[PDB]
2 protein chains.
Amino acid sequence: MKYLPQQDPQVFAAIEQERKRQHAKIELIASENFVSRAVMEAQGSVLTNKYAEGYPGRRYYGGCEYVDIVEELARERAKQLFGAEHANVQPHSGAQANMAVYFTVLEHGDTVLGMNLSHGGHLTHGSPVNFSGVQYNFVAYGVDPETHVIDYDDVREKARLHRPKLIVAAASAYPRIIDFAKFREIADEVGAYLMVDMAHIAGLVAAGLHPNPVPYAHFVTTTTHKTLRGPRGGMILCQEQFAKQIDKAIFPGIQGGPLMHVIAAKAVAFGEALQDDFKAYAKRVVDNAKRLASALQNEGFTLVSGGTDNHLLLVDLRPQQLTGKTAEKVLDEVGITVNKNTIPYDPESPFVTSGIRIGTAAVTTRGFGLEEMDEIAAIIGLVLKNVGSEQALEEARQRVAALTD
Amino acid sequence: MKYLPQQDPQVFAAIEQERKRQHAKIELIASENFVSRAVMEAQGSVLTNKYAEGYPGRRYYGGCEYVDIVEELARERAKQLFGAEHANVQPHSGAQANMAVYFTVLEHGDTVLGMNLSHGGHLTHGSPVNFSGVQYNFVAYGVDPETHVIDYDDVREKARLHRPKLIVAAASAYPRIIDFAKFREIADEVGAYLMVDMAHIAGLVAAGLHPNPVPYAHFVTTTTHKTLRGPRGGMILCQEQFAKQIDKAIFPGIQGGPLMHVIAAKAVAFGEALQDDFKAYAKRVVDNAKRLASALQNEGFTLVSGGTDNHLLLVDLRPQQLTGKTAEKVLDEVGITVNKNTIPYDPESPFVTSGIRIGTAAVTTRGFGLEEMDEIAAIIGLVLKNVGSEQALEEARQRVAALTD
Ligand SMILES: *Cc1c(COP(=O)(O)O)cnc(C)c1O
Ligand SMILES: *Cc1c(COP(=O)(O)O)cnc(C)c1O
């Protein structure tokens, strides 16, 4: 950097600490990733200076000819990537993409059916302390208590009993492929719209490693960050018939001016995702998650659902008599970043939990492969099986440092 | 830039067009400004890679030690700048800052009193196609038909009749100082909270050139961009007693993960605003607006309210028999950027209007002074008084090019 170090030493020192931290730790938090230098340069551009309320060619302010080109590049590349008929690349976040779909199809107090928050559903899928739960009446479907796979008969029974106006499929912590075709079949049976929130798996969807929700859902929401490896922000995909309403929900509905510099970065990330090497990257993400899962089972760990079909896995720590909070804390002591995460039918609260969630998108971006996954599992086994040994923790620290250089 | 030109020629060419456009035009849109290189570098940082839901020292994820330092720098510098007891620097935009205050104090269908949208109120102050108007019952107060100054007796009569739960003061197109003390006196009379949306005037407030709403309002919302000259985003200021509720409204209430790289940029902009040269800058903004106003009146233009006390002015184009839409279009032909804007009691719709809104924050940032304001007014007079003369428009183009180099 050139001007920040001189204008603001305090902010610059903190950023530099964060940059070095990203390199030194082993990032296993499933929602994380490292964006390219080109994506960062796009969001570090002069596009932050432009007001551009409205849409390309339909703006409220003049002088938007060149930010219009950027926004269209983002929309057209998104459409090529996911095969959607319409894209809205203005959502400030995944939360705002969800908020706008809800604002489009629901009235205050309408019934919504989404995944149980303890089984993998997201905060914006009905938490009582989130706007979703406050504004609407959310009901939940769960996973099977033994297989930990969504119970599609439970989705259908809840739908038929509660008659939701909207059904939400997808999750922040579900390690198996979701059957969007069954979700649409149930939605049609009860006359509900189907919304798929693919935030966690969007990069896998783009690389063809997860079934695409686009053909089955009326609305698809997502973050541009996460497995898609874009800048932090949101996006909505939908059929041509809801395009005008979705665009109006975003603006003048729920947001004001869009972040054009972040939209430029979304276009950049979409161009990267359209390339063949992104598909090779995504395959390594899923391959690494399978490998890591297997290596952890080899150390004696129990995994929710027995493994994974995607980028993430959940360790049920009950057999080791540990809470997710204890495991997260001791792994933090050795340089391994995970987050505690409730598991299906968890006996512990969401602030303690009996599990940890792990994803491989970030370590895959940094070049880790199968041999690194084996070592990561071996380190986690060493630590979690020896939480009271400072000897074991120091060894883990040295093995973590050997992986990160 | 280094990596963007090679990774994405299309996005890079469009950004470069936009950068050159920002230099070549005379930006008079009142909400615009040009941020520093340090602010852009902060938002172009690796902080986009970090999830940090929650607040400093109270995060849901580990590894937030250094983004915590950045967020606290933003909160503490905001508090020094505005003298507020609490700051929330997570709002993704001014719209989301407003949404969170509304989510904090109001229930669905509650009555809110805000400034008439045709007289200066913002979209998020009750437009029927915005969430504010859809979620709540907005009633409006107006300005005097001749002086164009807020009628404080009308604010009080509407408050006493409608018994709003919340009163909103401030605007996107009001050229005079707002009396927050009278707004608080009325709010107290009817037992309503007072929210001040200072987005447009936050830089003037910070430099002491506009009365500060902090001591009078329960909640203060703002954009970090605009006169404050920060990155695009929002912020909420409030007393200690509403801090926990405001923080909960932002998260887990209405947003998900915050944009830590943008928060770093907010801190940078706040540090710039705390410096003596920002105060000199702000004075030149108001001085230039007064000068421009006077020079326009010298050309024969009528200004709403007869002038300005801040960074913006509104030209009532009725005397020249022009709509704001016609004036905006012909000024765009010569390189001068303005936006059509309804005027109080406008006979034309909001899509046509009888006025143009003009602000000096952006041209002041680029170094323009009093002599430049005189020339800008002279060019606007030449163009708007000779809309059918291609001769006059070509002369204006050459005079605009002489100012921008
Ligand atoms: C991450 C996520 C979100 C919200 O995204 P933000 O950018 O944090 O607001 C919504 N839904 C799912 C399924 C997610 O994983
Ligand atoms: C600009 C503005 C907003 C909204 O800001 P965004 O960043 O465009 O969402 C809200 N209120 C006022 C008074 C404004 O000027």
Side-chain angles (χ1 to χ4, degrees), chain A residues 1-16 18-19 35-52 66-67 70 92 231-233 257-269, chain B residues 1-5 7-8 11-12 14-23 27 31-49 67 70 73-74 77 89 92-93 203 223-235 259-273 275 277-278 281 361-362 365-366:
Chain A
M1 293 177 177
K2 189 187 185 61
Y3 305 96
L4 183 58
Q6 187 52 40
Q7 168 63 49
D8 204 321
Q10 287 185 312
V11 167
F12 181 70
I15 291 181
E16 282 299 278
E18 172 59 15
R19 186 170 63 73
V35 299
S36 67
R37 286 175 288 190
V39 161
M40 286 188 297
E41 276 179 20
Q43 353 196 239
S45 72
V46 295
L47 270 59
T48 188
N49 301 146
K50 188 79 180 80
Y51 246 107
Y66 314 117
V67 303
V70 169
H92 295 321
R232 189 170 296 272
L259 310 183
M260 298 314 304
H261 47 127
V262 183
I263 289 168
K266 290 170 185 182
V268 177
Chain B
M1 293 177 177
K2 189 187 185 61
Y3 305 96
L4 183 58
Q7 168 63 49
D8 204 321
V11 167
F12 181 70
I15 291 181
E16 282 299 278
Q17 284 178 301
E18 172 59 15
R19 186 170 63 73
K20 293 165 185 185
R21 190 202 68 76
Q22 291 179 18
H23 179 85
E27 182 60 83
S31 53
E32 307 295 61
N33 215 332
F34 303 108
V35 299
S36 67
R37 286 175 288 190
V39 161
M40 286 188 297
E41 276 179 20
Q43 353 196 239
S45 72
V46 295
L47 270 59
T48 188
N49 301 146
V67 303
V70 169
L73 289 170
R77 289 163 181 191
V89 299
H92 295 321
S93 67
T223 48
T224 43
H225 53 290
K226 295 177 180 164
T227 49
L228 190 53
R229 199 159 74 177
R232 189 170 296 272
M235 170 166 71
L259 310 183
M260 298 314 304
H261 47 127
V262 183
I263 289 168
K266 290 170 185 182
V268 177
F270 303 161
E272 294 169 4
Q275 293 159 200
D277 56 13
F278 184 84
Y281 160 68
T365 291
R366 307 317 226 152

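When reading the values below, keep in mind they use all heavy atoms of this one structure, side chains included, and skip hydrogens, waters and symmetry mates. Here is how names work: the chains are called A, B, and so on, in the same order as the sequence lines, proteins then strands, and each is numbered from 1.
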(message) Can you confirm whether B:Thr223 sits close enough to B:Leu228 that some side-chain heavy atom of one is under 4.5 Å from a side-chain heavy atom of the other?
(response) no
(request) Quick one: closest heavy-atom pair of B:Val89 and B:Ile263, and the distance? (result) O-CG1, 3.5 Å
(request) Assess whether atom CD of B:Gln275 is packed by more than 12 heavy atoms of other residues, nucleotides or ligands within 6.0 Å. (result) yes
(message) Just verifying a value: how many Å separate A:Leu259 CG and A:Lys266 NZ, rounded to the nearest 0.5 Å?
(response) 7.5 Å
(message) Do A:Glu41 and A:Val268 have side chains that approach each other closer than 4.5 Å (heavy atoms only, starting at C-beta)?
(response) no
(request) Taking all heavy atoms of A:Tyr51 and all of B:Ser31, pick out the closest pair and write down the distance. (result) CD1-OG, 3.5 Å
(message) For B:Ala14 versus A:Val70, what's the shortest heavy-atom pair and its separation?
(response) CB-CG2, 3.6 Å
(request) With side chain to side chain donor-acceptor pair (under 3.5 Å) as the test, would you mind laying out the steps for B:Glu272 and B:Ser36 before giving the verdict? (result) CA-CA 9 Å; B:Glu272 294 169 4; B:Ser36 67; 2.6 Å; yes
(request) Find the distance between CZ (A:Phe12) and CD (A:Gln6) and round it off to the nearest 0.5 Å. (result) 11.0 Å
(message) Taking salt bridge (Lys or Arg N to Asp or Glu O under 4.0 Å) as the definition, give me every residue that meets it alongside A:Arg19, ordered by chain and number, with sequence neighbours left out.
(response) A:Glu16
(message) Can you confirm whether B:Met40 sits close enough to B:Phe34 that some side-chain heavy atom of one is under 4.5 Å from a side-chain heavy atom of the other?
(response) no
(request) Give a yes or no on whether B:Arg366 atom CZ has more than 12 heavy-atom contacts from other residues, nucleotides or ligands under 6.0 Å away. (result) yes
(request) Please determine if B:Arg77 forms a cation-pi arrangement with B:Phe270, meaning its NZ or CZ atom is less than 6.0 Å from the six-membered ring centre and no more than 45° off the ring axis. (result) no
(request) Please report the shortest heavy-atom distance between A:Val11 and B:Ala267, naming the atom on each side. (result) CG2-CB, 3.8 Å
(request) To the nearest 0.5 angstrom, please state how far the NE2 atom of A:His261 sits from the CD atom of B:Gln43. (result) 5.0 Å
(message) How close do A:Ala269 and A:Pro231 get, counting heavy atoms only, and between which atoms?
(response) CB-CD, 3.8 Å
(message) So A:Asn49 and B:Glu32, do their side chains get closer than 4.5 Å, heavy atoms only?
(response) no
(request) Indicate yes or no for a side-chain donor-acceptor contact from A:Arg232 to the backbone of B:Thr48 under 3.5 Å, with no hydrogens or angles considered. (result) yes
(request) Give a yes or no on whether the backbone of B:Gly233 and the side-chain of B:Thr224 come within a donor-acceptor separation of less than 3.5 Å. (result) yes
(request) Look only at the side chain of B:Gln17 and the backbone of A:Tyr66, and say whether a donor-acceptor pair between them is shorter than 3.5 Å. (result) no
(message) I'd like to check A:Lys2 versus B:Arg37 (side-chain heavy atoms, cut-off strictly below 4.5 Å). Are they in contact?
(response) no
(request) Measure across B:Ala38 and A:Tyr3 and return the closest heavy-atom pair with its distance rounded to 0.1 Å. (result) N-CB, 3.9 Å
(message) Any side-chain to backbone donor/acceptor pair from B:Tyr281 onto B:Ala361? Under 3.5 Å, distance only.
(response) yes
